[PDB]
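With mmCIF, C-alpha atoms and all ligand atoms inside, this is query10.cif:
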data_my_file
#
loop_
_atom_site.label_atom_id
_atom_site.label_comp_id
_atom_site.auth_asym_id
_atom_site.auth_seq_id
_atom_site.Cartn_x
_atom_site.Cartn_y
_atom_site.Cartn_z
CA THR A 1 -7.23 0.76 19.25
CA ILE A 2 -5.39 1.44 15.98
CA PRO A 3 -4.77 5.12 15.20
CA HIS A 4 -6.06 6.38 11.87
CA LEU A 5 -3.92 8.85 9.94
CA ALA A 6 -4.56 10.92 6.85
CA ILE A 7 -0.91 10.90 5.70
CA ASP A 8 -0.59 9.88 2.04
CA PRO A 9 2.78 8.07 1.83
CA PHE A 10 2.41 8.10 -1.99
CA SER A 11 1.99 11.87 -2.35
CA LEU A 12 4.60 14.18 -3.85
CA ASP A 13 4.77 16.12 -0.58
CA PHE A 14 5.65 12.88 1.21
CA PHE A 15 8.28 11.87 -1.36
CA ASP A 16 9.81 15.34 -1.13
CA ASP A 17 10.60 14.97 2.58
CA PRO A 18 9.29 11.76 4.16
CA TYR A 19 11.26 11.84 7.41
CA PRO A 20 8.86 13.97 9.53
CA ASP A 21 5.81 12.00 8.39
CA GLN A 22 7.74 8.77 9.10
CA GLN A 23 8.37 9.80 12.71
CA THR A 24 4.65 10.64 13.01
CA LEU A 25 3.87 7.15 11.68
CA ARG A 26 6.32 5.46 14.05
CA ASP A 27 5.18 7.42 17.08
CA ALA A 28 1.45 7.00 16.44
CA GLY A 29 1.76 3.30 17.30
CA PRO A 30 3.22 -0.01 16.15
CA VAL A 31 0.29 -0.42 13.70
CA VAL A 32 -1.53 2.48 12.03
CA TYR A 33 -4.44 2.62 9.62
CA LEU A 34 -3.99 4.84 6.56
CA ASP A 35 -7.46 6.15 5.66
CA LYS A 36 -6.22 7.55 2.35
CA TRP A 37 -5.81 4.08 0.81
CA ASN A 38 -7.56 1.79 3.35
CA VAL A 39 -4.41 -0.11 4.32
CA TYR A 40 -2.58 -0.88 7.53
CA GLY A 41 0.86 0.61 8.03
CA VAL A 42 3.91 -0.38 10.04
CA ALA A 43 6.87 2.02 10.28
CA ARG A 44 8.94 0.82 13.26
CA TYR A 45 11.83 -1.58 12.78
CA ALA A 46 10.31 -4.23 15.05
CA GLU A 47 6.99 -4.64 13.22
CA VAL A 48 8.51 -4.24 9.75
CA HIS A 49 11.01 -6.98 10.56
CA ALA A 50 8.27 -9.15 12.08
CA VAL A 51 6.01 -8.85 9.02
CA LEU A 52 8.85 -9.59 6.59
CA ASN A 53 9.78 -12.74 8.53
CA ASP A 54 6.26 -14.25 8.70
CA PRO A 55 5.51 -15.01 5.02
CA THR A 56 2.69 -17.42 5.90
CA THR A 57 0.63 -14.73 7.61
CA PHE A 58 1.79 -11.76 5.49
CA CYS A 59 1.97 -13.26 2.04
CA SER A 60 3.32 -11.88 -1.23
CA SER A 61 1.29 -13.95 -3.71
CA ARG A 62 -1.59 -11.46 -3.47
CA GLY A 63 0.84 -8.78 -4.72
CA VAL A 64 3.33 -6.57 -2.92
CA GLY A 65 1.68 -3.49 -4.38
CA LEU A 66 -1.49 -1.89 -3.10
CA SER A 67 -3.49 -4.03 -5.55
CA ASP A 68 -4.81 -7.35 -4.19
CA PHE A 69 -4.36 -9.99 -6.93
CA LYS A 70 -7.36 -11.80 -5.43
CA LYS A 71 -9.46 -8.72 -6.35
CA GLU A 72 -7.88 -7.11 -9.44
CA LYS A 73 -6.01 -8.40 -12.47
CA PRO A 74 -2.25 -7.74 -12.14
CA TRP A 75 -0.96 -5.23 -14.66
CA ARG A 76 1.57 -7.88 -15.79
CA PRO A 77 1.89 -11.63 -15.15
CA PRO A 78 2.95 -12.03 -11.50
CA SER A 79 6.64 -12.36 -10.81
CA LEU A 80 7.50 -15.98 -10.03
CA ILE A 81 9.68 -14.98 -7.08
CA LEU A 82 8.65 -11.56 -5.75
CA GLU A 83 4.93 -12.33 -5.98
CA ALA A 84 4.97 -15.96 -4.84
CA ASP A 85 4.86 -17.68 -1.48
CA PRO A 86 6.58 -20.86 -0.34
CA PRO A 87 6.63 -23.53 -1.57
CA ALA A 88 6.07 -22.21 -5.13
CA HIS A 89 8.63 -19.46 -4.37
CA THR A 90 11.30 -21.84 -3.13
CA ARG A 91 12.79 -23.43 -6.23
CA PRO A 92 12.72 -20.27 -8.43
CA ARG A 93 14.39 -18.47 -5.52
CA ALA A 94 17.09 -21.15 -5.37
CA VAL A 95 17.78 -20.81 -9.11
CA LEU A 96 18.22 -17.06 -8.81
CA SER A 97 20.48 -17.35 -5.78
CA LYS A 98 22.63 -19.86 -7.68
CA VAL A 99 22.66 -17.55 -10.72
CA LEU A 100 23.60 -14.52 -8.57
CA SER A 101 25.79 -16.66 -6.29
CA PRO A 102 28.95 -15.96 -4.31
CA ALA A 103 30.76 -18.05 -6.93
CA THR A 104 29.24 -16.01 -9.77
CA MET A 105 30.53 -12.77 -8.24
CA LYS A 106 34.09 -14.13 -8.61
CA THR A 107 33.67 -14.29 -12.40
CA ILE A 108 32.43 -10.70 -12.79
CA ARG A 109 34.19 -8.83 -9.95
CA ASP A 110 37.36 -7.87 -11.86
CA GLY A 111 35.41 -6.58 -14.85
CA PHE A 112 32.99 -4.64 -12.66
CA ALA A 113 35.92 -3.07 -10.76
CA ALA A 114 37.86 -2.06 -13.88
CA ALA A 115 34.68 -0.49 -15.27
CA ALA A 116 34.16 1.42 -12.02
CA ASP A 117 37.76 2.72 -12.06
CA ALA A 118 37.53 3.66 -15.75
CA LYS A 119 34.31 5.58 -15.20
CA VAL A 120 35.77 7.56 -12.28
CA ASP A 121 38.86 8.37 -14.37
CA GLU A 122 36.57 9.54 -17.16
CA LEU A 123 34.51 11.70 -14.80
CA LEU A 124 37.68 13.22 -13.33
CA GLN A 125 38.60 14.43 -16.83
CA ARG A 126 35.31 16.34 -17.01
CA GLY A 127 35.36 17.63 -13.41
CA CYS A 128 31.77 18.91 -13.25
CA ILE A 129 29.37 16.02 -13.84
CA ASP A 130 25.86 14.88 -12.99
CA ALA A 131 26.39 12.20 -10.36
CA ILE A 132 23.13 10.57 -11.46
CA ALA A 133 23.23 10.47 -15.27
CA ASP A 134 27.02 10.42 -15.56
CA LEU A 135 27.81 8.09 -12.66
CA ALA A 136 25.01 6.41 -10.74
CA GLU A 137 23.16 5.62 -14.00
CA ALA A 138 26.10 5.26 -16.38
CA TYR A 139 28.13 2.79 -14.32
CA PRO A 140 25.43 0.10 -13.75
CA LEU A 141 24.35 0.62 -17.36
CA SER A 142 27.95 -0.11 -18.38
CA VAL A 143 28.14 -3.48 -16.54
CA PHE A 144 24.72 -4.92 -15.70
CA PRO A 145 23.04 -5.20 -19.16
CA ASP A 146 26.20 -6.86 -20.44
CA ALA A 147 26.34 -9.22 -17.45
CA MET A 148 22.69 -10.10 -18.21
CA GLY A 149 23.74 -10.99 -21.73
CA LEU A 150 21.50 -8.36 -23.33
CA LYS A 151 22.05 -7.15 -26.87
CA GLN A 152 22.99 -3.51 -27.33
CA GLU A 153 19.81 -2.46 -29.12
CA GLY A 154 16.91 -1.24 -27.00
CA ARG A 155 18.69 -0.76 -23.65
CA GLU A 156 17.00 2.65 -23.42
CA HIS A 157 13.86 0.72 -22.36
CA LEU A 158 15.47 -0.78 -19.24
CA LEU A 159 15.34 2.17 -16.84
CA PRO A 160 11.85 3.23 -18.03
CA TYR A 161 10.57 -0.32 -17.49
CA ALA A 162 12.13 -0.46 -14.00
CA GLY A 163 10.55 2.85 -13.01
CA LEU A 164 7.19 1.61 -14.27
CA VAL A 165 7.45 -1.56 -12.17
CA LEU A 166 8.25 0.42 -9.02
CA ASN A 167 5.48 2.95 -9.65
CA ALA A 168 3.05 0.05 -10.28
CA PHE A 169 3.43 -1.19 -6.70
CA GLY A 170 1.78 2.10 -5.72
CA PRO A 171 -1.87 3.05 -5.40
CA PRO A 172 -3.76 4.08 -8.55
CA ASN A 173 -2.50 7.65 -8.35
CA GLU A 174 -1.45 9.58 -11.42
CA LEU A 175 2.20 8.52 -11.04
CA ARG A 176 1.10 4.90 -11.39
CA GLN A 177 -1.54 5.31 -14.07
CA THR A 178 0.69 7.54 -16.17
CA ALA A 179 3.42 4.89 -15.90
CA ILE A 180 1.05 2.11 -16.98
CA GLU A 181 0.00 4.15 -19.94
CA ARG A 182 3.20 4.84 -21.88
CA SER A 183 4.37 1.32 -20.85
CA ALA A 184 3.58 -0.83 -23.92
CA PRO A 185 6.96 -0.34 -25.72
CA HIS A 186 9.04 -1.03 -22.60
CA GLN A 187 7.09 -4.19 -21.75
CA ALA A 188 7.43 -5.53 -25.30
CA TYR A 189 11.18 -4.90 -25.28
CA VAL A 190 11.71 -6.55 -21.90
CA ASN A 191 9.48 -9.56 -22.54
CA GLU A 192 11.23 -10.25 -25.86
CA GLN A 193 14.72 -10.16 -24.31
CA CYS A 194 13.64 -12.77 -21.77
CA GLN A 195 13.55 -15.40 -24.51
CA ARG A 196 16.56 -17.76 -24.50
CA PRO A 197 17.71 -16.98 -28.09
CA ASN A 198 18.12 -13.29 -27.19
CA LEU A 199 20.41 -13.80 -24.16
CA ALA A 200 24.16 -13.98 -24.81
CA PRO A 201 25.93 -17.10 -23.51
CA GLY A 202 27.53 -16.97 -20.08
CA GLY A 203 25.29 -14.08 -18.96
CA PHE A 204 22.80 -14.10 -16.10
CA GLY A 205 19.92 -14.59 -18.53
CA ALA A 206 21.33 -17.66 -20.27
CA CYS A 207 22.29 -19.03 -16.85
CA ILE A 208 18.66 -18.87 -15.73
CA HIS A 209 17.58 -20.72 -18.89
CA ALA A 210 20.33 -23.28 -18.24
CA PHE A 211 18.74 -24.16 -14.88
CA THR A 212 15.52 -25.35 -16.57
CA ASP A 213 17.21 -28.81 -16.71
CA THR A 214 17.35 -29.49 -12.98
CA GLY A 215 13.71 -29.80 -11.96
CA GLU A 216 13.88 -26.43 -10.21
CA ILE A 217 12.25 -24.34 -12.95
CA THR A 218 10.62 -25.45 -16.20
CA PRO A 219 11.49 -23.85 -19.57
CA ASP A 220 8.28 -21.78 -19.54
CA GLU A 221 9.31 -20.25 -16.17
CA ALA A 222 12.75 -19.04 -17.27
CA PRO A 223 11.57 -15.93 -19.20
CA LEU A 224 9.65 -14.61 -16.18
CA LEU A 225 12.74 -15.08 -13.97
CA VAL A 226 14.82 -13.13 -16.48
CA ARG A 227 12.10 -10.47 -16.33
CA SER A 228 12.65 -10.35 -12.57
CA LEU A 229 16.31 -9.38 -13.02
CA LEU A 230 15.46 -6.84 -15.70
CA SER A 231 12.80 -5.50 -13.34
CA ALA A 232 14.87 -5.30 -10.15
CA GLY A 233 18.49 -5.32 -11.20
CA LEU A 234 19.18 -1.77 -12.35
CA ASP A 235 17.15 1.14 -10.97
CA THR A 236 17.65 0.45 -7.26
CA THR A 237 21.38 -0.07 -7.74
CA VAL A 238 21.56 3.23 -9.64
CA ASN A 239 19.74 4.91 -6.78
CA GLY A 240 21.77 3.05 -4.17
CA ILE A 241 24.96 4.34 -5.77
CA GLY A 242 23.32 7.76 -6.13
CA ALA A 243 22.49 7.66 -2.42
CA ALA A 244 26.10 6.86 -1.53
CA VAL A 245 27.49 9.70 -3.64
CA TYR A 246 24.88 12.07 -2.19
CA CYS A 247 25.85 10.97 1.32
CA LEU A 248 29.58 11.49 0.68
CA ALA A 249 28.80 14.93 -0.79
CA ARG A 250 26.71 15.90 2.26
CA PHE A 251 29.04 14.32 4.87
CA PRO A 252 32.59 15.32 3.81
CA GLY A 253 33.98 13.88 7.04
CA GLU A 254 32.78 10.46 5.93
CA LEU A 255 34.41 10.84 2.49
CA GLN A 256 37.64 11.73 4.26
CA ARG A 257 37.39 8.57 6.34
CA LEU A 258 36.60 6.49 3.25
CA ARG A 259 39.58 7.94 1.38
CA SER A 260 41.81 7.11 4.34
CA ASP A 261 40.63 3.46 4.33
CA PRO A 262 39.12 2.36 1.00
CA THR A 263 38.33 -1.04 2.51
CA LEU A 264 35.37 0.80 4.08
CA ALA A 265 33.87 1.04 0.57
CA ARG A 266 31.57 -1.95 1.01
CA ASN A 267 30.22 -0.80 4.35
CA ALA A 268 29.94 2.78 3.12
CA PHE A 269 27.61 1.50 0.40
CA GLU A 270 25.66 -0.68 2.84
CA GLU A 271 25.18 2.33 5.12
CA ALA A 272 23.95 4.40 2.18
CA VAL A 273 21.36 1.67 1.52
CA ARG A 274 20.20 1.93 5.14
CA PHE A 275 20.34 5.73 5.15
CA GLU A 276 18.47 6.36 1.90
CA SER A 277 16.73 2.97 1.41
CA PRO A 278 16.14 3.10 -2.37
CA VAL A 279 13.20 0.70 -1.95
CA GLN A 280 11.12 2.76 0.47
CA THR A 281 7.96 0.67 0.80
CA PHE A 282 5.87 -2.27 -0.31
CA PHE A 283 3.01 -4.45 0.92
CA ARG A 284 2.05 -7.84 2.23
CA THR A 285 -1.48 -9.27 2.43
CA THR A 286 -2.77 -11.01 5.55
CA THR A 287 -3.87 -14.58 4.89
CA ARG A 288 -5.48 -14.70 8.32
CA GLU A 289 -6.64 -12.50 11.20
CA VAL A 290 -3.39 -11.66 13.01
CA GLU A 291 -2.34 -9.74 16.10
CA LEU A 292 0.56 -7.49 15.05
CA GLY A 293 2.30 -5.70 17.88
CA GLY A 294 -0.80 -5.29 20.00
CA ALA A 295 -3.39 -4.72 17.27
CA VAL A 296 -5.68 -7.08 15.38
CA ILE A 297 -5.66 -7.09 11.58
CA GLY A 298 -8.39 -8.87 9.65
CA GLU A 299 -7.91 -11.42 6.92
CA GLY A 300 -7.17 -10.28 3.39
CA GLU A 301 -5.86 -6.83 4.39
CA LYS A 302 -3.01 -4.97 2.73
CA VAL A 303 -0.15 -4.06 5.09
CA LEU A 304 2.29 -1.31 4.06
CA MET A 305 5.84 -1.61 5.41
CA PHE A 306 8.03 1.50 5.56
CA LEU A 307 11.52 0.07 4.97
CA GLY A 308 13.23 3.47 5.00
CA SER A 309 11.42 4.32 8.24
CA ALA A 310 12.47 1.07 9.88
CA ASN A 311 16.07 1.88 8.87
CA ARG A 312 15.82 5.21 10.72
CA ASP A 313 13.89 4.02 13.81
CA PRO A 314 15.69 5.33 16.96
CA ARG A 315 14.24 2.31 18.78
CA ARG A 316 16.70 0.22 16.77
CA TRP A 317 19.52 2.53 15.61
CA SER A 318 21.75 4.95 17.46
CA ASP A 319 21.66 8.36 15.74
CA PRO A 320 19.66 6.89 12.85
CA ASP A 321 19.76 10.16 10.91
CA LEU A 322 23.57 10.19 10.67
CA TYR A 323 25.48 8.65 7.77
CA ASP A 324 28.22 6.55 9.43
CA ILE A 325 30.39 4.39 7.15
CA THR A 326 31.70 2.43 10.14
CA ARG A 327 28.20 1.73 11.51
CA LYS A 328 27.29 -1.90 12.16
CA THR A 329 24.54 -1.95 9.50
CA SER A 330 23.78 -5.65 9.97
CA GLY A 331 20.03 -6.07 10.29
CA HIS A 332 18.92 -3.10 8.19
CA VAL A 333 15.94 -3.89 5.95
CA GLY A 334 17.02 -1.92 2.87
CA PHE A 335 17.34 -5.30 1.09
CA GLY A 336 14.34 -6.79 2.87
CA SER A 337 14.59 -9.68 5.30
CA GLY A 338 13.60 -13.33 5.37
CA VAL A 339 12.75 -15.62 2.47
CA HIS A 340 12.37 -12.78 -0.06
CA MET A 341 15.52 -10.94 1.05
CA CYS A 342 16.99 -9.34 -2.08
CA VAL A 343 18.33 -12.22 -4.15
CA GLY A 344 20.50 -9.77 -6.13
CA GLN A 345 22.12 -8.19 -3.06
CA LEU A 346 25.59 -9.53 -3.97
CA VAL A 347 25.46 -7.78 -7.37
CA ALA A 348 24.27 -4.50 -5.88
CA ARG A 349 26.92 -4.65 -3.16
CA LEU A 350 29.65 -5.50 -5.66
CA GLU A 351 28.66 -2.61 -7.95
CA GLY A 352 28.38 -0.19 -5.03
CA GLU A 353 31.61 -1.41 -3.44
CA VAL A 354 33.79 -1.11 -6.54
CA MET A 355 32.42 2.34 -7.32
CA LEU A 356 32.95 3.64 -3.78
CA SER A 357 36.44 2.10 -3.85
CA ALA A 358 37.24 3.91 -7.12
CA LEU A 359 36.05 7.19 -5.60
CA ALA A 360 37.89 6.44 -2.34
CA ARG A 361 41.18 6.10 -4.23
CA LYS A 362 40.83 8.78 -6.92
CA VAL A 363 38.63 11.61 -5.60
CA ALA A 364 39.63 14.18 -2.99
CA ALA A 365 36.37 16.15 -2.72
CA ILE A 366 32.75 15.90 -3.90
CA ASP A 367 30.99 19.26 -3.85
CA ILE A 368 27.41 19.85 -4.93
CA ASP A 369 27.48 22.57 -7.58
CA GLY A 370 23.92 22.73 -8.89
CA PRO A 371 20.24 22.20 -8.08
CA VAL A 372 19.54 18.72 -6.77
CA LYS A 373 16.46 17.21 -8.45
CA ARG A 374 14.61 14.46 -6.63
CA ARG A 375 12.91 11.55 -8.36
CA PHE A 376 9.27 10.96 -7.48
CA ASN A 377 8.20 7.32 -7.54
CA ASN A 378 5.58 5.40 -5.58
CA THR A 379 8.11 3.03 -4.01
CA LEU A 380 11.61 4.23 -5.00
CA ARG A 381 13.53 7.04 -3.30
CA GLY A 382 16.36 8.52 -5.32
CA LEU A 383 17.70 11.43 -7.31
CA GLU A 384 16.92 12.65 -10.80
CA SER A 385 19.99 14.89 -10.91
CA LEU A 386 22.96 15.54 -8.62
CA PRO A 387 25.40 18.08 -10.10
CA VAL A 388 28.79 17.63 -8.43
CA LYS A 389 32.32 18.91 -8.80
CA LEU A 390 34.81 16.06 -8.48
CA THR A 391 38.28 17.17 -7.29
CA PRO A 392 41.02 14.63 -8.10
CA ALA A 393 43.16 13.25 -5.30
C1 LIG B 401 20.74 -1.21 -3.83
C2 LIG B 401 20.13 -2.08 -4.66
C3 LIG B 401 18.89 -2.92 -4.29
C4 LIG B 401 17.96 -2.74 -3.32
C5 LIG B 401 17.85 -1.59 -2.29
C6 LIG B 401 17.02 -3.84 -3.39
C7 LIG B 401 15.92 -4.03 -2.58
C8 LIG B 401 15.16 -5.19 -2.52
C9 LIG B 401 14.20 -5.52 -1.49
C10 LIG B 401 13.87 -4.61 -0.28
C11 LIG B 401 13.68 -6.73 -1.77
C12 LIG B 401 12.61 -7.50 -0.95
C13 LIG B 401 11.25 -7.37 -1.63
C14 LIG B 401 10.20 -8.09 -0.81
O1 LIG B 401 10.52 -8.53 0.32
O2 LIG B 401 9.04 -8.22 -1.27
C15 LIG B 401 14.28 -7.20 -3.00
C16 LIG B 401 14.00 -8.39 -3.66
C17 LIG B 401 14.51 -8.74 -4.88
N1 LIG B 401 15.54 -8.12 -5.55
FE1 LIG B 401 16.62 -6.54 -4.82
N2 LIG B 401 17.42 -4.68 -4.42
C18 LIG B 401 18.56 -4.15 -4.99
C19 LIG B 401 19.27 -4.69 -6.03
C20 LIG B 401 18.90 -5.80 -6.77
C21 LIG B 401 19.65 -6.39 -7.85
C22 LIG B 401 21.01 -5.85 -8.35
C23 LIG B 401 18.94 -7.44 -8.31
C24 LIG B 401 19.29 -8.42 -9.45
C25 LIG B 401 20.45 -8.44 -10.10
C26 LIG B 401 17.73 -7.54 -7.52
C27 LIG B 401 16.73 -8.48 -7.67
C28 LIG B 401 15.76 -8.78 -6.74
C29 LIG B 401 14.76 -9.84 -6.83
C30 LIG B 401 14.59 -10.84 -7.99
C31 LIG B 401 14.02 -9.80 -5.73
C32 LIG B 401 12.87 -10.75 -5.36
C33 LIG B 401 13.49 -11.75 -4.37
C34 LIG B 401 12.46 -12.69 -3.79
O3 LIG B 401 11.23 -12.41 -3.89
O4 LIG B 401 12.87 -13.74 -3.22
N3 LIG B 401 17.75 -6.52 -6.58
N4 LIG B 401 15.18 -6.24 -3.43
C1 LIG B 402 9.98 -4.63 -4.82
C2 LIG B 402 11.50 -4.82 -4.83
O1 LIG B 402 12.11 -5.02 -3.83
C3 LIG B 402 12.28 -4.75 -6.13
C4 LIG B 402 12.11 -3.37 -6.75
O2 LIG B 402 13.64 -4.97 -5.84
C5 LIG B 402 11.78 -5.83 -7.12
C6 LIG B 402 11.04 -5.47 -8.23
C7 LIG B 402 10.59 -6.45 -9.11
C8 LIG B 402 10.90 -7.78 -8.86
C9 LIG B 402 10.42 -8.86 -9.83
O3 LIG B 402 10.49 -10.08 -9.51
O4 LIG B 402 9.98 -8.48 -10.94
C10 LIG B 402 11.64 -8.15 -7.76
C11 LIG B 402 12.07 -7.16 -6.89
CL CL B 403 6.39 -7.01 -18.47
#

Just dump the structure as structure tokens.
Amino acid sequence: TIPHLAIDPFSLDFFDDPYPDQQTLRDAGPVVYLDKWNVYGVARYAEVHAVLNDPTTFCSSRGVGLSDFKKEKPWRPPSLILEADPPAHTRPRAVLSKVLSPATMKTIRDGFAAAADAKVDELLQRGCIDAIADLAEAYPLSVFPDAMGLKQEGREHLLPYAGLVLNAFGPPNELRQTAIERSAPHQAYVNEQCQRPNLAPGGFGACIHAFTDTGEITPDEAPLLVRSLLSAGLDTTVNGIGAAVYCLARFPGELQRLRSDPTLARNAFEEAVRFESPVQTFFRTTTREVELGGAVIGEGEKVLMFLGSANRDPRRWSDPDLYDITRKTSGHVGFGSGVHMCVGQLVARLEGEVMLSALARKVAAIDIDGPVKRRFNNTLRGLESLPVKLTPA
């Protein structure tokens, strides 16, 4: 009943160009079986959305990587929010949404925007830059660690740790196992900064620790919640902003529209998240035999969702393969959906918005002027290097 496919969605060939294999996965059926890793797969919008919005049947407390925490020891203590189910998930989730709240954005927006404008001015002085290292990486590095309240020393561990975490959701391929080796220094840095004395006052970190008073989290839970933000708060935003710049470089008509109305900046970023979906995939585990679409999945089975595929499903999107900064993106799953929906989405959107606004107002053209280097990661899609010529407006 369920088609079996030999596609390895964690192979370098797949990462290099996933779109054809994603149409094959969508068109094979609403539920496929991936013989390479003995997991179920869902690549259409409808089933991806369904799985994300049934956390009782498709749980996260058995890990959202390939590994089943019921069967193997997690490579690090489980995240209290990503790798938890309701009700244990609920109060830690509420703390993080209050920490990363609409009201919190008001306190950081002006500083994030001035830093975005200053970076674009700096890049315009150099002209030929790497839109990854000099922009997509540099800008979030210039605002997020400080907003966390992190000290200056050791920030070089942050991006390596984030890439490890994302690779670790993957199967035990050499990307993952090489990341887990080589990981000890990054883990020790990150874990130490999660301790209250190391988090500057007013920052996101100290704000998490300040919620240990309410009955929502206990003091021994606060370091792991800080770890969550240091795990998830940087690399995807870098690659989301990298995606947007890449899109504007490949679709000059869209840059011209953005320049003509910079208030499109926020939706231009949202569309880049749909179009390139920095978080490509992750898993749920069935707590129960379930009929998904029209297929039966046993208990205790890993289910791989293809978020980027669902965001390009022609069953849900008109011209899914076009970057359209005026598209109604509402409903894309680039930030997930349901109870785990990205709790840091307001920070990502703010960072992406103020950067695209700075470019919208200051840049006339973005031309690729060197070899584009892709990043290969078991769950992240993004760029290693994106040489561009920025022409000032
Ligand atoms: C473009 C940038 C980002 C993308 C594409 C993204 C993507 C996602 C996705 C798809 C999920 C759902 C995971 C699941 O359902 O299992 C998620 C959850 C999460 N994200 Fe984001 N994220 C981004 C930025 C951020 C930022 C800036 C932060 C923190 C400042 C953050 C922190 C988190 C956390 C803690 C979770 C777990 C939420 C939960 O389990 O309730 N992310 N992210
Ligand atoms: C899988 C995902 O969506 C991502 C990358 O944003 C994420 C990574 C780690 C955590 C955590 O709690 O440590 C939360 C989210
Ligand atoms: Cl860790």

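Nearest residue to residue A:219, choosing from A:92, A:146, A:58, A:71 and counting only C-alpha atoms: A:92.
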
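Once stretch 17-27 of chain A and its same-chain neighbours fewer than 6 positions away are set aside, residues 43, 44 and 309 of chain A remain within 6 Å of it when counting only C-alpha atoms.
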
**Item:** Point (29.5, 15.7, -12.5) neighbourhood (7 Å, only C-alpha atoms) written as a count of residues only
**Value:** 11

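Using only C-alpha atoms and all ligand atoms for every distance, the candidate list A:384, A:254, A:13, A:235 yields A:235 as the residue closest to ligand LIG 402 (chain B).
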
**Message:** Hey, which residues sit close to ligand CL 403 (chain B)? Say within 6 Å, counting all atoms listed in the file, and write them as JSON, numbers by chain.
**Reply:** {"A": [76, 187, 191]}

**Asked** Got a sec: who's within 7 Å of stretch 200-209 of chain A, counting all atoms listed in the file, leaving out chain neighbours fewer than 5 positions off, as number ranges by chain?
**Response** A: 95, 99, 147-150, 219, 222, 226

**Message:** Which residue is closest to residue A:132? Choose from A:45, A:275, A:246, A:40 and count all atoms listed in the file.
**Reply:** A:246

**Prompt:** Mind listing the residues within 10 Å of ligand LIG 402 (chain B), only C-alpha atoms and all ligand atoms counted, as a PyMOL selection string?
**Reply:** chain A and resi 64-65+76-84+162-163+165-169+224-237+278-283+334-336+340-345+379-380

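With only C-alpha atoms and all ligand atoms as the basis for measurement, A:303 is the residue among A:255, A:360, A:365, A:303 that approaches ligand LIG 401 (chain B) most closely.
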
**Asked** What does the distance between atom CA of residue A:41 and atom CA of residue A:306 come to in Å, to one decimal place?
**Response** 7.6 Å

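In terms of minimum interatomic distance to ligand LIG 401 (chain B), A:96 ranks closest within A:180, A:96, A:325, A:356, counting all atoms listed in the file.
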
Could you list, as a short mmCIF file (atom, residue, chain, number, x, y, z; two decimals) with C-alpha atoms, in the coordinates of the input, every residue within 7 Å of residue A:300, counting all atoms listed in the file and ignoring same-chain residues fewer than 2 positions away?
data_model
loop_
_atom_site.label_atom_id
_atom_site.label_comp_id
_atom_site.auth_asym_id
_atom_site.auth_seq_id
_atom_site.Cartn_x
_atom_site.Cartn_y
_atom_site.Cartn_z
CA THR A 285 -1.48 -9.27 2.43
CA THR A 286 -2.77 -11.01 5.55
CA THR A 287 -3.87 -14.58 4.89
CA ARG A 288 -5.48 -14.70 8.32
CA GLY A 298 -8.39 -8.87 9.65
CA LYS A 302 -3.01 -4.97 2.73
#

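Counting from atom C17 of ligand LIG 401 (chain B), the distance to atom CA of residue A:140 is 16.6 Å.
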